[PDB]
Amino acid sequence: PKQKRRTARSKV
Amino acid sequence: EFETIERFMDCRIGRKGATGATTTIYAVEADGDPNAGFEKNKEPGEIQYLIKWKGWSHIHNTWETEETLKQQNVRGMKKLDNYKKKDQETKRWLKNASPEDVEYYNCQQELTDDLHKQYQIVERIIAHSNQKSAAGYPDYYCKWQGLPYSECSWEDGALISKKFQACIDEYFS
(Lines give C-alpha, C1' and ligand atoms only; values in the text may rest on other atoms or scores of the structure.)
Protein backbone atom coordinates (compact mmCIF):
# COMPACT_ATOMS: atom_id res chain seq x y z
CA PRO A 1 0.00 0.00 0.00
CA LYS A 2 1.47 3.31 -1.14
CA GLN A 3 1.86 5.87 1.63
CA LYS A 4 0.66 9.26 0.38
CA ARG A 5 1.02 12.80 1.72
CA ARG A 6 -3.16 21.69 4.11
CA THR A 7 -0.51 22.91 6.54
CA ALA A 8 -2.88 25.00 8.69
CA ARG A 9 -4.43 23.50 11.84
CA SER A 10 -6.05 24.62 15.08
CA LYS A 11 -6.34 23.14 18.56
CA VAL A 12 -9.69 21.37 18.76
CA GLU B 1 0.71 10.83 14.95
CA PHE B 2 2.18 12.53 18.00
CA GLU B 3 2.93 15.97 19.41
CA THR B 4 6.25 17.20 20.77
CA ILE B 5 6.97 19.61 23.59
CA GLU B 6 9.17 22.43 22.30
CA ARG B 7 9.38 24.65 25.38
CA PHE B 8 7.92 25.05 28.86
CA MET B 9 6.64 28.64 28.87
CA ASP B 10 5.03 29.02 32.30
CA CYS B 11 3.72 27.19 35.35
CA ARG B 12 0.74 27.69 37.64
CA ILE B 13 -1.61 26.23 40.17
CA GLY B 14 -4.84 26.20 38.17
CA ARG B 15 -8.41 24.94 38.35
CA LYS B 16 -8.58 21.18 37.83
CA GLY B 17 -9.43 20.53 34.20
CA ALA B 18 -8.32 23.97 32.93
CA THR B 19 -5.99 22.38 30.36
CA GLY B 20 -5.94 21.51 26.67
CA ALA B 21 -7.67 23.08 23.67
CA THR B 22 -9.96 25.28 25.76
CA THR B 23 -6.92 27.16 27.07
CA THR B 24 -5.50 28.53 23.78
CA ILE B 25 -5.63 32.32 23.60
CA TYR B 26 -8.23 32.10 20.81
CA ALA B 27 -10.42 29.60 22.73
CA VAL B 28 -10.32 31.92 25.73
CA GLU B 29 -11.14 34.98 23.60
CA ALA B 30 -14.15 33.15 22.14
CA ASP B 31 -15.44 31.22 25.18
CA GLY B 32 -13.85 32.65 28.33
CA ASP B 33 -10.90 31.43 30.42
CA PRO B 34 -11.45 27.98 32.05
CA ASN B 35 -9.23 29.22 34.88
CA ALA B 36 -11.19 32.46 35.44
CA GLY B 37 -11.81 33.26 39.11
CA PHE B 38 -9.69 30.36 40.36
CA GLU B 39 -8.59 30.96 43.95
CA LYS B 40 -5.90 28.54 45.12
CA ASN B 41 -7.04 28.18 48.74
CA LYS B 42 -10.79 27.72 48.20
CA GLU B 43 -11.03 25.23 45.33
CA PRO B 44 -9.12 22.13 44.19
CA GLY B 45 -6.14 22.99 42.01
CA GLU B 46 -3.36 21.25 40.11
CA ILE B 47 0.10 22.03 38.73
CA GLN B 48 -0.25 23.11 35.12
CA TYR B 49 2.43 23.98 32.55
CA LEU B 50 2.06 26.29 29.55
CA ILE B 51 3.38 24.44 26.52
CA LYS B 52 4.83 25.72 23.28
CA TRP B 53 4.43 22.85 20.81
CA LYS B 54 6.88 21.84 18.09
CA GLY B 55 5.45 22.89 14.74
CA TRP B 56 2.65 25.01 16.19
CA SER B 57 2.93 28.77 16.56
CA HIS B 58 2.57 30.41 19.98
CA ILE B 59 -1.14 31.22 19.58
CA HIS B 60 -1.66 27.45 19.92
CA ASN B 61 0.10 27.18 23.31
CA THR B 62 -1.93 25.20 25.86
CA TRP B 63 -1.86 24.59 29.58
CA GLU B 64 -1.23 20.94 30.47
CA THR B 65 -0.61 18.70 33.47
CA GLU B 66 2.03 16.02 33.86
CA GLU B 67 -0.95 13.68 33.53
CA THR B 68 -2.35 15.12 30.30
CA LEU B 69 1.13 15.16 28.77
CA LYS B 70 1.57 11.47 29.58
CA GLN B 71 -1.96 10.45 28.52
CA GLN B 72 -1.43 12.10 25.13
CA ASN B 73 1.91 10.34 24.65
CA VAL B 74 3.68 13.55 23.67
CA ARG B 75 7.39 13.52 22.85
CA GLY B 76 9.99 15.72 24.52
CA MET B 77 9.02 14.56 28.02
CA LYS B 78 12.64 14.85 29.17
CA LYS B 79 11.99 18.61 29.09
CA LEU B 80 9.43 18.20 31.89
CA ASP B 81 12.03 16.72 34.20
CA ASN B 82 14.50 19.48 33.29
CA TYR B 83 11.87 22.14 33.89
CA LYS B 84 10.93 20.71 37.29
CA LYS B 85 14.64 20.76 38.19
CA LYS B 86 15.18 24.39 37.17
CA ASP B 87 11.95 25.36 38.93
CA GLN B 88 12.98 23.75 42.23
CA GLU B 89 16.44 25.31 41.93
CA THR B 90 14.92 28.73 41.24
CA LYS B 91 12.56 28.52 44.20
CA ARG B 92 15.39 27.61 46.58
CA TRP B 93 17.28 30.67 45.36
CA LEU B 94 14.31 33.02 45.74
CA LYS B 95 13.89 32.19 49.43
CA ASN B 96 17.24 33.74 50.42
CA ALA B 97 17.99 36.39 47.78
CA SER B 98 18.11 40.07 48.66
CA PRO B 99 15.00 41.92 47.39
CA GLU B 100 17.54 43.79 45.26
CA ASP B 101 17.97 40.46 43.46
CA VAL B 102 14.27 39.58 43.65
CA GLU B 103 13.56 42.91 41.98
CA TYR B 104 15.95 42.21 39.11
CA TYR B 105 14.46 38.71 38.82
CA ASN B 106 10.91 40.06 38.69
CA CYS B 107 11.93 42.57 36.01
CA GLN B 108 13.37 39.84 33.82
CA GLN B 109 10.18 37.81 34.25
CA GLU B 110 8.01 40.76 33.24
CA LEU B 111 10.14 41.49 30.17
CA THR B 112 9.98 37.80 29.31
CA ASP B 113 6.20 37.71 29.74
CA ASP B 114 5.86 40.74 27.47
CA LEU B 115 8.09 39.09 24.87
CA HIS B 116 6.00 35.90 24.95
CA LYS B 117 2.80 37.89 24.41
CA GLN B 118 4.26 39.45 21.26
CA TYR B 119 4.79 36.00 19.73
CA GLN B 120 1.02 35.60 19.57
CA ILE B 121 0.53 38.77 17.50
CA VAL B 122 0.55 38.65 13.69
CA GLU B 123 2.98 41.30 12.46
CA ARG B 124 2.05 40.81 8.83
CA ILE B 125 0.71 38.29 6.36
CA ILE B 126 3.19 37.02 3.77
CA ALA B 127 1.21 34.69 1.55
CA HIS B 128 -2.18 33.03 1.23
CA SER B 129 -3.23 29.58 0.04
CA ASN B 130 -4.86 28.86 -3.32
CA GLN B 131 -7.22 26.45 -1.62
CA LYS B 132 -10.07 28.03 0.34
CA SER B 133 -12.56 26.51 2.78
CA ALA B 134 -16.25 26.10 1.94
CA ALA B 135 -16.75 29.42 3.74
CA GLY B 136 -14.25 31.08 1.39
CA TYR B 137 -11.34 31.45 3.84
CA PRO B 138 -7.82 30.87 2.51
CA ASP B 139 -5.05 29.97 4.92
CA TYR B 140 -2.49 32.69 5.67
CA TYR B 141 1.27 32.56 6.05
CA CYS B 142 1.98 34.68 9.12
CA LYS B 143 5.04 36.61 10.30
CA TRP B 144 4.90 36.87 14.12
CA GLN B 145 5.93 39.90 16.17
CA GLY B 146 9.34 39.43 17.77
CA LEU B 147 10.15 36.22 15.87
CA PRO B 148 12.36 35.80 12.77
CA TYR B 149 10.94 34.88 9.36
CA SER B 150 12.04 31.28 9.91
CA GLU B 151 9.27 31.09 12.52
CA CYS B 152 6.47 32.10 10.12
CA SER B 153 3.56 29.66 9.99
CA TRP B 154 0.45 28.73 8.01
CA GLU B 155 -2.69 29.58 9.96
CA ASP B 156 -6.40 28.92 9.56
CA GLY B 157 -7.89 31.92 7.75
CA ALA B 158 -11.20 31.88 9.65
CA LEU B 159 -9.25 31.94 12.92
CA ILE B 160 -6.82 34.66 11.80
CA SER B 161 -9.69 36.83 10.54
CA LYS B 162 -11.32 36.97 13.98
CA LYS B 163 -8.44 38.99 15.46
CA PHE B 164 -6.11 40.13 12.68
CA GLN B 165 -8.49 41.29 9.96
CA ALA B 166 -6.38 44.46 9.62
CA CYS B 167 -3.34 42.35 8.66
CA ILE B 168 -5.54 40.62 6.08
CA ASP B 169 -6.84 43.91 4.66
CA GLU B 170 -3.26 45.19 4.53
CA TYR B 171 -2.05 42.10 2.68
CA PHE B 172 -4.81 42.50 0.08
CA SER B 173 -4.40 46.31 -0.05
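Quick note on labels: first sequence line is chain A, next is B, and so on, each numbered from 1. Only this structure's heavy atoms are used, side chains among them; waters, hydrogens and symmetry mates stay out.
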Chain A contact via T62(B) - which portion, at a heavy-atom distance below 4.5 Å = side chain
Atom pair NZ/CG of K11(A) and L159(B) - distance to nearest 0.5 Å | 13.0 Å
Can you see which heavy atom on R9(A) is nearest to which on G55(B), and at what distance?
-> NH2-O, 3.0 Å
For the pair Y26(B) (side chain) and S10(A) (backbone), establish whether a donor and an acceptor sit closer than 3.5 Å, ignoring hydrogens and angles.
-> no
Please check if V28(B) and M9(B) belong to a single hydrophobic cluster, counting links between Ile, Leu, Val, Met, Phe, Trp and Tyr side chain heavy atoms closer than 4.5 Å.
-> no
When rounded to the nearest 0.5 angstrom, what is the spacing between CH2 in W154(B) and CZ in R6(A)?
-> 10.5 Å
Hydrophobic cluster membership, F172(B) vs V122(B), 4.5 Å side-chain cutoff = yes
Above 12 or not: heavy atoms from other molecules or residues under 6.0 Å from CZ of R7(B)?
-> no
